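Chains A, D, C, F, B and E supply the protein sequences, listed in that same order. Numbered according to the authors' numbering, the first sequence spans residues 32 to 141, 150 to 185, 188 to 309, 312 to 323, 323A, 324 to 396, 413 to 503. Numbered according to the authors' numbering, the second sequence spans residues 33 to 56, 63 to 140, 151 to 185, 188 to 309, 312 to 323, 323A, 324 to 396, 413 to 503. Numbered according to the authors' numbering, the third sequence spans residues 31 to 141, 150 to 185, 188 to 309, 312 to 323, 323A, 324 to 396, 413 to 503. Numbered according to the authors' numbering, the fourth sequence spans residues 521 to 554, 561 to 663. Numbered according to the authors' numbering, the fifth sequence spans residues 521 to 552, 560 to 663. Numbered according to the authors' numbering, the sixth sequence spans residues 521 to 550, 560 to 663. Ideal Cβ positions, reconstructed from N, Cα and C, are used throughout, including at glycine.
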Amino acid sequence: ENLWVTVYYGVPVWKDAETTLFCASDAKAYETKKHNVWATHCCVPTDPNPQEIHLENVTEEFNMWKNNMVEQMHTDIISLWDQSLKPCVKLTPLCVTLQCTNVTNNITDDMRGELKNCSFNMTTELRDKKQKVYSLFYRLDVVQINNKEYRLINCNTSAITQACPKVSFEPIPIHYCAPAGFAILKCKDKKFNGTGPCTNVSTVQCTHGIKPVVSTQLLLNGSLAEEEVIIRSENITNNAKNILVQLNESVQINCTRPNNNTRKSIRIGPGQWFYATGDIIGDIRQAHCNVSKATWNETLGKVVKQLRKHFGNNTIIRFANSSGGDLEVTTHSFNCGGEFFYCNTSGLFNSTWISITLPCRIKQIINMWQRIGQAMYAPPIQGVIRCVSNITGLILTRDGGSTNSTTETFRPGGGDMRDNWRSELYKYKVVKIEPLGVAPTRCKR
Amino acid sequence: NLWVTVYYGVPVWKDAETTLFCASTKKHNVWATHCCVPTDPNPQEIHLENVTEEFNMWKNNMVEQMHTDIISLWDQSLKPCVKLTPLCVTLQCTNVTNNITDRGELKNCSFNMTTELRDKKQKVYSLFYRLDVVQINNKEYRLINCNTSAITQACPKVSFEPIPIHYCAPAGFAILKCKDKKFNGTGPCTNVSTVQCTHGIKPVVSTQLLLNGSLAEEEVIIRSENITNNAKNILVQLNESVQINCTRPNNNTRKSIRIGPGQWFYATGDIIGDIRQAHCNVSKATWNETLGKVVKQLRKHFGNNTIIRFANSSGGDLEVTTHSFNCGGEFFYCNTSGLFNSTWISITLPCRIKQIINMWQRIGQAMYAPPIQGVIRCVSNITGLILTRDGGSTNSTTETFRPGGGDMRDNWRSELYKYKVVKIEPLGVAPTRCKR
Amino acid sequence: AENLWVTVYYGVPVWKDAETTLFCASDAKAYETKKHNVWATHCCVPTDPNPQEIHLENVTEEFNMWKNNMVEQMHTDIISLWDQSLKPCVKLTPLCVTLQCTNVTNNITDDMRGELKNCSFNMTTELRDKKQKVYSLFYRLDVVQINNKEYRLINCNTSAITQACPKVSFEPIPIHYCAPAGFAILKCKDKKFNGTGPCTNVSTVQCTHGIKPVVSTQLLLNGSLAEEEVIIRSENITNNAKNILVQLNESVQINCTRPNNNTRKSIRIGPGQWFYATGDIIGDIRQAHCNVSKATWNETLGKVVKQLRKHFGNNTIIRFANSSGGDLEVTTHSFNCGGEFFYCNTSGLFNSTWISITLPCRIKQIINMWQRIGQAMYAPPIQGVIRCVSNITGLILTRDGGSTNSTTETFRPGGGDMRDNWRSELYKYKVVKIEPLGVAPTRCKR
Amino acid sequence: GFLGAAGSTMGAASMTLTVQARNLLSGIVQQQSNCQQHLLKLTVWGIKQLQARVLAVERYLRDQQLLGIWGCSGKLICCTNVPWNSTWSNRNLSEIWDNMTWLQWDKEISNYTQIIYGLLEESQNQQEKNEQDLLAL
Amino acid sequence: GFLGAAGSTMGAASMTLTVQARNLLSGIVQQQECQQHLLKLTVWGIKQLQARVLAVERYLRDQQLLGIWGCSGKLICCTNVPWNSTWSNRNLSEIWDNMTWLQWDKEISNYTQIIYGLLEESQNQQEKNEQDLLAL
Amino acid sequence: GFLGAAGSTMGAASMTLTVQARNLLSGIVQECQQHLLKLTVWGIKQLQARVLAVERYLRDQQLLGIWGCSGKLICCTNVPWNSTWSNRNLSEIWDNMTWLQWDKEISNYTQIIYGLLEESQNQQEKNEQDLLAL
Ligand SMILES: *[C@@H]1O[C@H](CO)[C@@H](O[C@@H]2O[C@H](CO)[C@@H](O[C@@H]3O[C@H](CO[C@H]4O[C@H](CO)[C@@H](O)[C@H](O)[C@@H]4O)[C@@H](O)[C@H](O[C@H]4O[C@H](CO)[C@@H](O)[C@H](O)[C@@H]4O[C@H]4O[C@H](CO)[C@@H](O)[C@H](O)[C@@H]4O)[C@@H]3O)[C@H](O)[C@H]2NC(C)=O)[C@H](O)[C@H]1NC(C)=O
Ligand SMILES: *[C@@H]1O[C@H](CO)[C@@H](O[C@@H]2O[C@H](CO)[C@@H](O[C@@H]3O[C@H](CO[C@H]4O[C@H](CO)[C@@H](O)[C@H](O)[C@@H]4O)[C@@H](O)[C@H](O[C@H]4O[C@H](CO)[C@@H](O)[C@H](O)[C@@H]4O[C@H]4O[C@H](CO)[C@@H](O)[C@H](O)[C@@H]4O)[C@@H]3O)[C@H](O)[C@H]2NC(C)=O)[C@H](O)[C@H]1NC(C)=O
Ligand SMILES: *[C@@H]1O[C@H](CO)[C@@H](O[C@@H]2O[C@H](CO)[C@@H](O)[C@H](O)[C@H]2NC(C)=O)[C@H](O)[C@H]1NC(C)=O
Ligand SMILES: *[C@@H]1O[C@H](CO)[C@@H](O[C@@H]2O[C@H](CO)[C@@H](O)[C@H](O)[C@H]2NC(C)=O)[C@H](O)[C@H]1NC(C)=O
Ligand SMILES: *[C@@H]1O[C@H](CO)[C@@H](O[C@@H]2O[C@H](CO)[C@@H](O)[C@H](O)[C@H]2NC(C)=O)[C@H](O)[C@H]1NC(C)=O
Ligand SMILES: *[C@@H]1O[C@H](CO)[C@@H](O)[C@H](O)[C@H]1NC(C)=O
Ligand SMILES: *[C@@H]1O[C@H](CO)[C@@H](O)[C@H](O)[C@H]1NC(C)=O
Ligand SMILES: *[C@@H]1O[C@H](CO)[C@@H](O)[C@H](O)[C@H]1NC(C)=O
Ligand SMILES: *[C@@H]1O[C@H](CO)[C@@H](O)[C@H](O)[C@H]1NC(C)=O
Ligand SMILES: *[C@@H]1O[C@H](CO)[C@@H](O)[C@H](O)[C@H]1NC(C)=O
Ligand SMILES: *[C@@H]1O[C@H](CO)[C@@H](O)[C@H](O)[C@H]1NC(C)=O
């Protein structure tokens, strides 16, 4: 009968929680150039020394598939993106009948029909005057009316706006930081599965810097973990779930657009300009990406070796290319140099287990796959562009309804943007600090 | 001898004005969408024994908030939808003379409207009600609001069907409810129960005759700010509902015309079958009895031997001269003169339909109500009347009353009359027998 | 312990330099009447009818008007209110059309030849398939020739123009800046305070004196007047790259007018969208102008120079000269009177070398209000005629430091950066924050 | 039962002081159902609700500060050394704690409230100073 | 070393109570250009205010409870409510030298409301009794 | 007379502690109101100002709580002076000096002193908990 309730305040315990995290940057992104979406948003620098605290003996359960931080990042990016277009020029006046031809001059056969030379009647700065102008368009954005009359692809569905010519969408790394009263716990287990208990937990103020890189099928410029290739999925057994594969070595991919572009500016209203693609200088060649087979064949062999752990050591593992659907799903959607590429990856998934040039299409009117109903027009970039990126992971799915268990088929798939962030945020969890608690002691008032 | 003691948590309140919040398959219902913070489904009413408190419904700021919130929600619901500016063109109209159960109520108008392309046009046609079409300078017509305001299209998914809403106090505040029988909106009362939220109130919009409200307990209650002053409205709450059956008998179809990139306009298409008059049926015996009860109670305030006459409405626009009724998604303007034509000591009311609505929240903006396919049938409860005295006469022998209203706040005052908002002031001081 | 322990005090009267958010307070009576004034409808906290001031005995406080964050606060608030006043009104994009015009030649004095143009154009009506031909008058500064009789509005290639709201007043009304709880404003009362350094008569207030948000360049109008002498303030004095703000201890009265009797017409351009055009002038057409008493102005500069010499030498020649090149908004005396914009030529005021003056004025309707570039406002015309009476309370001058020697200094009108018009009123105030905790030794122990 | 004691004897109502005090700061008991992200779009309603919440906090703190200054921090039924002045209510003790409720009582006091608060503040200032010197011995 | 504990026994963890207490409020004021830019993001700004207002409300809620229970101003508070063997049938060495607070909470979370109600009742009685004894 | 004691000596100024203490929560008491809800930016800036004023107030109250001075304007401790913080006698500290001057004199030791006060209070509570066990 001698034990009494003692109330304590400042007890080091926590509970799972969902809150709003704020973004932070390295300062330098804003200090130097600004004029980009993430430097402008992330106005608060991180601490120069965001030292983590190791928690001795702490075991905590993580679940990357239910991680609220991922859902927030998705929402924040879309909102940021929209607010970056809001102030710029609407391109409504371009939704007219166009008079187009085949370009023809200096085209390698692989590029025949890819570009069109279109003339049209657009307004000038004065309401009562018009001008006849012309520009090049990529075939993918131009749809035939009814053989010379064409419409822009967005005219019957969506509003179209011009992306701001001075704003970069470069994926500058950002950090998510907790508000007071909250903490971010992270798993330091090098082989963490994506779910379940982790016995190596530290507490941080901010996450590591994450580059908000947008792509589909092949994940670019992320983490390579540390020791081994890890295959993780919400279910594994259920083929309907995406499998996120994290590589332990990167594969370098070299992408280019070889055509030397120029640009012309057309005045379309008081204070407004339209950026049009001008004539190509020199030869017209196809855009493409190079993957070295020397590394790619070994990389897939490693994936298969690990993949077998869930499927059988005598099972046939087949890689195959994508299924049908929009280019955002069926090809490697890739945003680089300020232009949008849609690269054909079938040359990468053509093997059965027990240099590679990928041609690429270029598109300017983009229904950014965040939603349908608002199209973005990407202004052209002068000169030529080159990108060198690190492939750090893959998103694969399985074919259900297989004839038998002897053979499993893996294809590039997914493309939902959440999985491009889930793969970096998989090790972080947000918890709320709860300072009150009680315990029996031997003291009485 | 006695010492000052300071108390905290004293159950004492003062009159106060604060901001209340609205708590509330219908994913496109306005009331459902913007008021989504459900409370405990079992409100806890506290009876306060030995408590007397003063109410004044005419100075009740809960009414002003309901009014402002409704306007704001209304405007937000129309905020993201297509403007109909491209329809304000010269129209070329005919008289729609096929199968008219005899006329001139509808017009069939053709016009030049753009397509999705800036450089192409299409010839389209649609039906309009005469009330929304005004002649230029005999074939050429304009929409009625072209020289005043932008007309926007109502979002053709969105419903305004009233869902009872509840106004709830923030912490630190409480709502007092007067349950006294025969409470006439002003003065002290003694039931005073304490609630967290009001009863559910349907934000029903109407003029002249109030629909779907409460029924005054067991007697007809006549409420007024002054009674004597003929510039004031009289709100009469009935002890029985009067049933009214309304219809729009014409079988409509609908056209959808591309008006711009990503945008569609909803036009009224051809009528299938006979073209007939919209109307409302008020039970005739019930209405006769209802007025007799009102007259009995009304008479005691003017003289026990005086005569009461009812007469129909006076001047002003349709919004005040007719019974403004919003049901089935359409706007009816019913002629009530057949209800107020008698001297004391089924009734079919024809109704007009209008599509471009200067909803009286304000002037300068208008909503286009898209047409509804098929036919409409509405059944509703008349729960009260708004009357005015036809003053200026000196012949005290007979008082004359006419339908009035049009100021939307009166429709809210009639439900919120029993509620008052107070703030809690927890500190107080009293003497005691000790000192620290 | 040597018998001393740390005692903690809360409520200690100590303050530190701070930057915070201030709020806009008002008279609240002139404001009831002036229902459409931009700074009245948006400045609602009533001031205390009897404002308090507490003199602080034995307090020396260091002030610096050139680093005063209240200036940035006033600047951004004015810009914001300006933007929110125009936001709801009609865009005049539909008026950016080819205009056809000739010169107004009826009853023109010589000074007005070529100043007004009579332009007709094809404009929309409430129906999209109809057009109307209308005409209006324009000032030559608003209209640019298209390359013989064709013209466009000057803003047609750089920005859509918004019509100023016809009922909104921009009349300066006194504004009080007030601190939030936890903050205090320290006011410097020292006579002849030059903008920097310690001040020995310091008092604490909750709100500043009322400041009228008067916008002008070159000559500061309707400000505080100095009490003892002319005070010359500058961040550096020596550095020719900076402005000199001179506060007078006597006001100079200036009388400005726009003598032409104007009319106005309302043209419907769309569905409840109205444009206000300038119609024919009734009576003779004459040039707008301002009158400065010659003797008063001459004596006033005398006083300024006497003080200016303290920094340049008794044997140094001081010369005044007119403004340099640049846009009218920075080379002439711009100001807003009655809602119309004057750009007056002040060269007649600054032409002397030391050991009634009529200033012609131009009127412009398209205003690149300098809050920023890339936006424009159209000022509706004012019917009838106007007369302005105002007080010159200070000058914005610069030194001609291009190439010189000890023989002479030259001063000429400058400015154009509106923040200096506010430094001239806010120089006496500093914002500090209160920090109630502190500790001190004492003989007492628990 | 938040105002349940409103109709009760002043001395009886002293037993519900924690009920009224607790609900002045209801906490974070109101729940957010999923919508919510929707309600954030109603900019005006967003601002009005924040104003309501901020004010409730400020009112709470102001009352707590006064109890702090008067030396009644942490107490609901705290007495002090300011004597009762009979002009404030010319009735005996037995006519206060009974035969009346807390409503009514505040009307009896009325404008004397400001006077009482000033007295309480100065008294505490003197009490703290006296303790500060006692601790010097 | 904010969560420097939770990997130590309940007893050892009592030495870090001040560190945990000071995470709120100090960690908020401490937050301290384009911060002006962000004021143009209406939804974002509202969400941030809601987070700050909520953090304050949570802080005050807990302080009010300490007030009600008579533990105001303390990090460690002894009370007059006895411990029930059914809430947890464990001895002092057993919990103070082995459990880590996180574990403890998980095991007695079912009795949280019961205990809080008891703490309030004991304080209510104590305050009244003391006032009655003060008055001779 | 809110900062009226600013030129008074530290000793004399101890008599106005409630004048300054009341400012933080009384000052905040500060057609219209509704019109300004349209100025979204002012809405946010003013709420930020009020929220911060509350956060700062509470931060200071939390410290007084932690140090064991809750509810007091003046409190004694068990933490001694080191004589390095200020090498002065009481007759030249409480008199012949104002609080503004004093704050500058010892501003370098503010964090040191606060840390010491915290540790002392924690030890004191620990020794009430065991004492109540006997
Ligand atoms: C995975 O990670 C890699 C590595 O970070 C990343 O690749 C890099 O992408 C960036 C952005 O696309 C590339 O940066 C551009 O490089 C070109 C070429 O410059 C060369 O010559 C200069 C000479 O001084 C060297 O310093 C430089 O290193 C190169 O050798 C520059 O021209 C680009 O500058 C423009 O953008 C800047 C953005 O801040 C502007 O500040 C600058 O003023 C330029 O904009 C203006 O001029 C343009 C004309 O050139 C015009 O089009 C614009 O509208 C505007 O007017 C820029 O610095 C970088 O070189 C890539 N690195 C490698 C090795 O290739 C991958 O993209 C990433 N993968 C994915 C999927 O995200
Ligand atoms: C005072 O209070 C009373 C109630 O106490 C209230 O009366 C009720 O009003 C509501 C709303 O107007 C009425 O609800 C509608 O009823 C019709 C009738 O349909 C009957 O027949 C069909 C046959 O197929 C049955 O399936 C049905 O169950 C009924 O027996 C429905 O048709 C209405 O639904 C349509 O509109 C909805 C709008 O959201 C759509 O979601 C729904 O899918 C339907 O739309 C389709 O049909 C339309 C044509 O009918 C067409 O235009 C659309 O494009 C689409 O194809 C709806 O359920 C309810 O019946 C009334 N009660 C009574 C007894 O009459 C009063 O209104 C209130 N007073 C005031 C002033 O508000
Ligand atoms: C659509 O526009 C055409 C072109 O203006 C209209 O046809 C003209 O009508 C006028 C009489 O008002 C005739 O004098 C012209 O000769 C006609 N032009 C042509 C090319 O036929 C037509 O009436 C308009 N239609 C509608 C429904 O408004
Ligand atoms: C119903 O309303 C009437 C007012 O219309 C209230 O009557 C007033 O009563 C007060 C005092 O009792 C008088 O000073 C007013 O002159 C009365 N006005 C009229 C018009 O008679 C009446 O009190 C209300 N009902 C109750 C029960 O009080
Ligand atoms: C500023 O300094 C002066 C001089 O030391 C202080 O003046 C003395 O104040 C005491 C107060 O008890 C009076 O009895 C003396 O007669 C004053 N002396 C003179 C010469 O006037 C003054 O109080 C100080 N200011 C403040 C705020 O403390
Ligand atoms: C490239 O274009 C030029 C004309 O600009 C033409 O003379 C030349 O033959 C073309 N080259 C090829 C490969 O078609
Ligand atoms: C890894 O995830 C799979 C999903 O099927 C699960 O069955 C397995 O138990 C998890 N492994 C670990 C160590 O958590
Ligand atoms: C390269 O591909 C062959 C099949 O063509 C395969 O047998 C071999 O193991 C692969 N190399 C590596 C390193 O995996
Ligand atoms: C009138 O009725 C006839 C059927 O006899 C029908 O064919 C015709 O379309 C109707 N006209 C209308 C709907 O006005
Ligand atoms: C058409 O309607 C007008 C207006 O009501 C009327 O004057 C005219 O006689 C009608 N004509 C026919 C043939 O219906
Ligand atoms: C009319 O004005 C133009 C431009 O100011 C000028 O060039 C022309 O000579 C004028 N014609 C006259 C003054 O007759």
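Test item: CB-CB of residue i and residue j under 7 Å
i: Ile326 of chain D; j: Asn301 of chain D; result: no
i: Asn156 of chain C; j: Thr132 of chain C; result: yes
i: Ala433 of chain D; j: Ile201 of chain D; result: yes
Buried/exposed call for residue i, threshold 16 Cβ in 10 Å
i: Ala221 of chain C; result: buried
i: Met530 of chain B; result: buried
i: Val346 of chain D; result: buried
i: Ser375 of chain C; result: buried
Limits of the alpha helix (DSSP H) - the one that residue i falls within
i: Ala60 of chain C; result: 60-63
According to DSSP, residues forming a beta bridge with residue i
i: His72 of chain C; result: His72 of chain C pairs with nothing; no bridge assigned.
Extent of the continuous beta strand (DSSP E) run through residue i
i: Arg579 of chain F; result: Per DSSP, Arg579 of chain F belongs to no beta strand (DSSP E); it is in the alpha helix (DSSP H), 569-595.
i: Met161 of chain D; result: 154-162
At a cut of 8 Å, does the segment 634-652 of chain F reach the segment 596-615 of chain F through at least three beta carbon pairs? Verdict: yes, contact present.
Quick test of the definition: if touching needs 3 or more C-beta pairs under 8 Å, does the segment 77-89 of chain A touch the segment 236-255 of chain A? yes
Would you call the segment 94-110 of chain A and the segment 585-603 of chain B touching, i.e. three or more CB-CB distances under 8 Å? Touching, no.
Flag this pair as touching only if the segment 212-226 of chain D and the segment 250-266 of chain D have three or more C-beta atom pairs under 8 Å; answer yes or no. yes
Three CB pairs or more closer than 8 Å across the segment 275-283 of chain D and the segment 125-139 of chain D: no
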